[PDB]
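Per the deposited numbering, the very first residue in the sequence shown carries number 1; after that it's consecutive.
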Amino acid sequence: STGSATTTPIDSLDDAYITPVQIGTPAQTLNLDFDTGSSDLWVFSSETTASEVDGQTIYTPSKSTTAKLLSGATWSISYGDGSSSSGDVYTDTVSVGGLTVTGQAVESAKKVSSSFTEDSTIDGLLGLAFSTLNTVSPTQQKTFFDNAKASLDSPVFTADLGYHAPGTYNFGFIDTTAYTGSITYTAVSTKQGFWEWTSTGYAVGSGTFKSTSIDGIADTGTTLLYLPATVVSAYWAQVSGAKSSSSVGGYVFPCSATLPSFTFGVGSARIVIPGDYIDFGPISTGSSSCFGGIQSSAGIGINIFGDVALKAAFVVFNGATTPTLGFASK
Numbered sequence: 001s002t003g004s005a006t007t008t009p010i011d012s013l014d015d016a017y018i019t020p021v022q023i024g025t026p027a028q029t030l031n032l033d034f035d036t037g038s039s040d041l042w043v044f045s046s047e048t049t050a051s052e053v054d055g056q057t058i059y060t061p062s063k064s065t066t067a068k069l070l071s072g073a074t075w076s077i078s079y080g081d082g083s084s085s086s087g088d089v090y091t092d093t094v095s096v097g098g099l100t101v102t103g104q105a106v107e108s109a110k111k112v113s114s115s116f117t118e119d120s121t122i123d124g125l126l127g128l129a130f131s132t133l134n135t136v137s138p139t140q141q142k143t144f145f146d147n148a149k150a151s152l153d154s155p156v157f158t159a160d161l162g163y164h165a166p167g168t169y170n171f172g173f174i175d176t177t178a179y180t181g182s183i184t185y186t187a188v189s190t191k192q193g194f195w196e197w198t199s200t201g202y203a204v205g206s207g208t209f210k211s212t213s214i215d216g217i218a219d220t221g222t223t224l225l226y227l228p229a230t231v232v233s234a235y236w237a238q239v240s241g242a243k244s245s246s247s248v249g250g251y252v253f254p255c256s257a258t259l260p261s262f263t264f265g266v267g268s269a270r271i272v273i274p275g276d277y278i279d280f281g282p283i284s285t286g287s288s289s290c291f292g293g294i295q296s297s298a299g300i301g302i303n304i305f306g307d308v309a310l311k312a313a314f315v316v317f318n319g320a321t322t323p324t325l326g327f328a329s330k
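What follows is the structure, given as structure tokens:
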């Protein structure tokens, strides 16, 4: 089997991407944030504290003839940005772009933190990291990909995120028309439950490539590119007037600037992030100070190849017995 679904930016900055997901019978379509950095499929629901729902579409398990309460199961998750959610668990039928999993754990939120409430466009998350990170207790549950894997034509999914435009998540096949050149594959460590890999270096603009190992995660659920302070300083030094602002919480730059590209290495191959991808616009409405899309990972504890990086590539998440990651230009 295979599936194919369009993923759409939630706003003009590509702050996140939503993908429609069918849950239950009859189908209830919710727009979920596909997140290769976590492993829980959770939704706003009829059980979510009413004051914490503000415009989201909810899953109502009582209206699904295939929903079953997973007795005794609870979940609770905290994300790197300080947001959180928690609740109980149903199993139900879940379909993504024509690919159907029966008995998928659908984690129903009883509580969500303010950032989730305040974002009316995201109805929940669909985790695509390794199932070892799943938070369901006392019986850990499998991700959608993990459940689908054996049925897929090939045990893979691909992320093809757009810049200020829709893109595609495919399951079970590689669309050879969606990228240019070849896909370069690179080793993955699953030891921390992430799609963790090691970039071979970077370049800033038309500058020379610096060969250096950068361990990080391919994370579709993180907006920006978070790299070591040395690398980030080298990038922003090429932008006149750019500075790290403690009050804002990262590097800012004059909105009048033209940003240089940023290249990262995948083995001997190179992925080029155009300068415009690194612009996250005014820090506040009307400001001429703009927020940078490349930021320091110092104090995160891990480097994160988030959407800014991933949207410059066609990315293969290869879930073979020994997982690997593939990157192609597009």
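Here a beta-carbon is modelled for each residue, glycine too, at the ideal position from N, C-alpha and C.
Rounded to a whole number of angstroms, what is the C-alpha to C-alpha distance between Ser154 and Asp146?
The count along the sequence shown starts at 1 and reaches residue 154 at position 154. The count along the sequence shown starts at 1 and reaches residue 146 at position 146. Those two C-alpha atoms are separated by around 12 angstroms.
Only counting runs of 3 or more residues, tell me where the beta strand (DSSP E) segments fall wholly within the region 101-148, in order along the chain.
Whole beta strand (DSSP E) segments, 3+ residues: 124-127.
Between the Cα of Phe327 and those of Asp215, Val94, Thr158, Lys210, spot the shortest distance and give me the residue it belongs to.
Translated into positions along the sequence shown, residue 327 becomes position 327. Ranked by Cα distance from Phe327, the options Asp215, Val94, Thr158, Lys210 are led by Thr158.
Would you kindly check if the distance between the Cβ of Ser108 and the Cβ of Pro61 is under 8 angstroms?
In the sequence shown, residue 61 corresponds to position 61, counting from 1. In the sequence shown, residue 108 corresponds to position 108, counting from 1. Closer than 8 angstroms, so yes.
Contact check, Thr143 vs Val266 under 8 angstroms by CB: the rounded distance?
For the purposes of this step, residue 143 is taken as the residue at position 143 of the sequence shown. For the purposes of this step, residue 266 is taken as the residue at position 266 of the sequence shown. Contact doesn't hold; Cβ gap of about 24 angstroms is too wide.
Contacting residues, own chain, Cβ-Cβ under 7 angstroms from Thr25 (five flanking each side not counted):
Against the sequence shown, residue 25 aligns to sequence position 25. The residues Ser64, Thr65, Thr66, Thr93, in chain order, have a CB closer than 7 angstroms to that of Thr25 in the same chain once the five nearest residues on each side in sequence are set aside.
Within 10 angstroms of the Cβ of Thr102, are there 16 or more other Cβ atoms? Answer buried if so, exposed if not.
Sequence index remark: in the sequence shown, residue 102 carries index 102 (1-based). By the 10 Å Cβ count, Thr102 comes out exposed.
Using three-state DSSP, classify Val156 as helix, strand or coil.
In the sequence shown, counting from the first residue as 1, residue 156 sits at position 156. In the three-state reduction of the DSSP assignment, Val156 falls in the strand class, which pools E and B.
CB-CB under 6 angstroms to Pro274, same chain, minus the five flanking residues each way: which ones, in chain order?
If you number the sequence shown from 1, residue 274 lands on position 274. Within the same chain, Cβ atoms closer than 6 angstroms to the Cβ of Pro274 are found at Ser261, the five residues on either side in sequence being excluded.
For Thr263, report the span of its beta strand (DSSP E) as first-last.
Translated into the one-based positions of the sequence shown, residue 263 becomes position 263. For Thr263, the enclosing beta strand (DSSP E) starts and ends at 262-266.
Excluding the 5 residues flanking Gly167 on each side, which residues of the same chain have their C-beta closer than 6 angstroms to its C-beta?
The count along the sequence shown starts at 1 and reaches residue 167 at position 167. A distance below 6 angstroms between beta-carbons, with the five flanking residues on each side excluded, links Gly167 to the following residues of its chain, in chain order: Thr7, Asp160, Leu161.
Which ranges would you report for the beta strand (DSSP E) in the region 169-247 if only whole runs of at least 3 residues count?
Secondary structure in the region 169-247: the beta strand (DSSP E) runs of 3 residues or longer, each lying completely within the stretch, are 184-187, 196-204, 210-218, 225-227, 243-245 in chain order.
May I have a chain-ordered list of the alpha helix (DSSP H) segments no shorter than 4 residues that lie completely inside the region 279-321?
Runs of the alpha helix (DSSP H) lying entirely within the region 279-321 and spanning at least 4 residues, in chain order: 307-310.
Grab me the residues of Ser288's own chain with a C-beta within less than 8 angstroms of its C-beta, minus the 5 sequence neighbours each way, in chain order.
Taking the sequence shown and counting its residues from 1, the one referred to as residue 288 is at position 288. These residues qualify, in order along the chain: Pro254, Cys255, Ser256, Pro282.
Length of the line joining the Cα atoms of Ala150 and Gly250:
Indexing the sequence shown from 1 puts residue 150 at position 150. Indexing the sequence shown from 1 puts residue 250 at position 250. Answer to the nearest angstrom: the Cα atoms are 43 angstroms apart.
Would you be able to state if there are at least three C-beta pairs under 8 angstroms between the region 207-223 and the region 170-177?
Verdict: no, contact absent.
Looking only at its chain, what residues have a beta carbon closer than 6 angstroms to the beta carbon of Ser95, apart from the 5 residues adjacent to it on each side?
Here residue 95 corresponds to residue number 95 of the sequence shown, with the count starting at 1. Counting only residues of its own chain and dropping the five nearest sequence neighbours on each side, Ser95 has a CB closer than 6 angstroms to the CB of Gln22.
Give me the DSSP bridge partner(s) of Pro20.
The residue you call residue 20 lines up with position 20 of the sequence shown. According to DSSP, which records beta bridges pairwise, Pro20 is partnered with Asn31.
Take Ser245 and list the residues in its own chain whose beta-carbon comes closer than 6 angstroms to its own, dropping the five residues that flank it on each side.
Taking the sequence shown and counting its residues from 1, one reaches residue 245 at position 245. Excluding sequence neighbours, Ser245 sits near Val252.
So does the region 215-223 actually touch the region 232-244, counting three or more Cβ pairs closer than 8 angstroms?
Segments in contact, no.
Write down the C-beta distance between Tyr17 and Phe44 rounded to the nearest angstrom, noting that I regard them as a contact closer than 8 angstroms.
Numbered from its first residue, the sequence shown carries residue 17 at position 17. Numbered from its first residue, the sequence shown carries residue 44 at position 44. The C-beta distance from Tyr17 to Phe44 rounds to 17 angstroms, too long to meet the 8 angstroms contact threshold.
Whether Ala129 touches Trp195 by CB criterion (8 angstroms)
On the sequence shown, position 129 is the one that residue 129 refers to. On the sequence shown, position 195 is the one that residue 195 refers to. Contact: yes.
Taking the DSSP output, what are the residues bridged to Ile77?
On the sequence shown, position 77 is the one that residue 77 refers to. Beta-bridge analysis with DSSP links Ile77 to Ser85.
Straight-line gap, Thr184 to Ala269 (C-alpha atoms, nearest Å):
Translated into positions along the sequence shown, residue 184 becomes position 184. Translated into positions along the sequence shown, residue 269 becomes position 269. Here the alpha carbon of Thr184 sits roughly 7 angstroms from the alpha carbon of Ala269.
Identify whether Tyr277 lies in helix, strand or coil by the three-state DSSP scheme.
Residue 277 sits at position 277 when you count from the first residue of the sequence shown. The answer is helix: DSSP assigns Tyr277 an H, G or I state.
To the nearest angstrom, how far is it from the Cα of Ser38 to the Cα of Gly193?
Residue 38 sits at position 38 when you count from the first residue of the sequence shown. Residue 193 sits at position 193 when you count from the first residue of the sequence shown. Straight-line Cα distance between these residues: approximately 8 angstroms.
Please classify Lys68: does DSSP put it in a helix, a strand, or coil?
Looking up residue 68 in the sequence shown gives position 68. In the three-state DSSP reduction, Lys68 falls in the strand class (E or B).
Is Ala328 helix, strand or coil when you go by DSSP?
Translated into the one-based positions of the sequence shown, residue 328 becomes position 328. Reduced to three states, the DSSP call for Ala328 is strand.
Buried or exposed, going by whether 16 or more other CB atoms sit within 10 Å of the CB of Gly172?
Along the sequence shown, read from residue 1 onward, the residue named residue 172 stands at position 172. It counts as buried.
State the beta-bridge partners of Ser4 as determined by DSSP.
As a first step, residue 4 is located in the sequence shown; it is residue number 4 there, counting from the start. DSSP lists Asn170 as partners of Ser4.
To the nearest angstrom, how far is it from the Cα of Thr48 to the Cα of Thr19?
By 1-based counting over the sequence shown, the position of residue 48 is 48. By 1-based counting over the sequence shown, the position of residue 19 is 19. So the alpha carbons of these two residues sit roughly 21 angstroms apart.
What separation, rounded to the nearest whole angstrom, lies between the Cα atoms of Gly181 and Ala50?
For the purposes of this step, residue 181 is identified with residue 181 of the sequence shown, where counting begins at 1. For the purposes of this step, residue 50 is identified with residue 50 of the sequence shown, where counting begins at 1. Looking at the two C-alpha atoms, the distance is approximately 50 angstroms.
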